[PDB]
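Student: Here the sequence shown stands for residues 42 to 168, numbered as in PDB author numbering. Every residue, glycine too, gets a C-beta built ideally from N, C-alpha and C.
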Amino acid sequence: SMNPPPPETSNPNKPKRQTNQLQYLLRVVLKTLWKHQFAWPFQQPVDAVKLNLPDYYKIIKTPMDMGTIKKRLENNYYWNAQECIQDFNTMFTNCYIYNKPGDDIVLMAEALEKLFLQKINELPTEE
Ligand SMILES: C[C@@H]1C(=O)N(C)CCN1CCOc1ccc(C2CCN(c3ccc4nnc(Cl)n4n3)CC2)cc1
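1. Do you know whose CA, among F133, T166 and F79, lies nearest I110's CA?
2. Less than 6 angstroms separating the Cβ of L67 from some heavy atom of ligand 1?
3. When DSSP labels each residue in this structure, what does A89 get in the three-state scheme?
4. Please list the terminal residues of the continuous alpha helix (DSSP H) segment that includes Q64.
5. Could you tell me the alpha carbon to alpha carbon distance between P48 and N54, rounded to whole angstroms?
6. CA-CA distance, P46 and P104?
7. For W120, does the three-state DSSP call read helix, strand or coil?
8. Give me the Cα-Cα distance between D96 and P82, rounded to the nearest whole angstrom.
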């Protein structure tokens, strides 16, 4: 089977704005998670062809990864911080859905998620 197209990261028809929350989501949240020791399987869309995961896209219908989230923040694709937070949550839950409790990839996702939740609990109030 083929991989689906990646999630859209840019759209010239969507309106754009700059907020302190979206700035914090790129500057603090994504930059911190990106450097984490267990971030590398989550830095690009799951390549089910190269990774030999033929049922991945039969089970995961809403794929999401940090490479996509970063490109969306860098392209001013998100209007609300909540859209970015939901993408981080979709990424984690996809991993828990496809994999099983105790799998190393799940342990890796759980560690990035705990860090994510710490940095999101310190999200600055909207200026
Ligand atoms: C479906 C799934 C997914 O959810 N995502 C998002 C992308 C990935 N993908 C497929 C699964 O990928 C994985 C990517 C990385 C790993 C880790 C597991 C832990 N570790 C080890 C462990 C023991 C060991 N002994 N000697 C070496 Cl060396 N090691 N290294 C490094 C590689 C596991 C699965």
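Tutor: Here's the rundown:
1. The count along the sequence shown starts at 1 and reaches residue 110 at position 69. Among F133, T166 and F79, the Cα nearest to that of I110 is on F133.
2. Taking the first residue of the sequence shown as 1, we reach residue 67 at position 26. No, ligand 1 has no heavy atom inside 6 angstroms of this Cβ.
3. Within the sequence shown, residue 89 is the residue found at index 48, counting from 1. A89: coil per DSSP, three-state reduction.
4. Numbered from 1 along the sequence shown, position 23 holds the residue referred to as residue 64. Here the alpha helix (DSSP H) through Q64 covers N61 to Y65.
5. For this step, residue 48 is matched to residue 7 along the sequence shown. For this step, residue 54 is matched to residue 13 along the sequence shown. So the two alpha carbons sit approximately 16 angstroms from each other.
6. The residue you call residue 46 lines up with position 5 of the sequence shown. The residue you call residue 104 lines up with position 63 of the sequence shown. For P46 and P104, the distance between alpha carbons rounds to 10 angstroms.
7. In the sequence shown, residue 120 corresponds to position 79, counting from 1. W120: coil per DSSP, three-state reduction.
8. The count along the sequence shown starts at 1 and reaches residue 96 at position 55. The count along the sequence shown starts at 1 and reaches residue 82 at position 41. Computed Cα separation, rounded: 18 angstroms.
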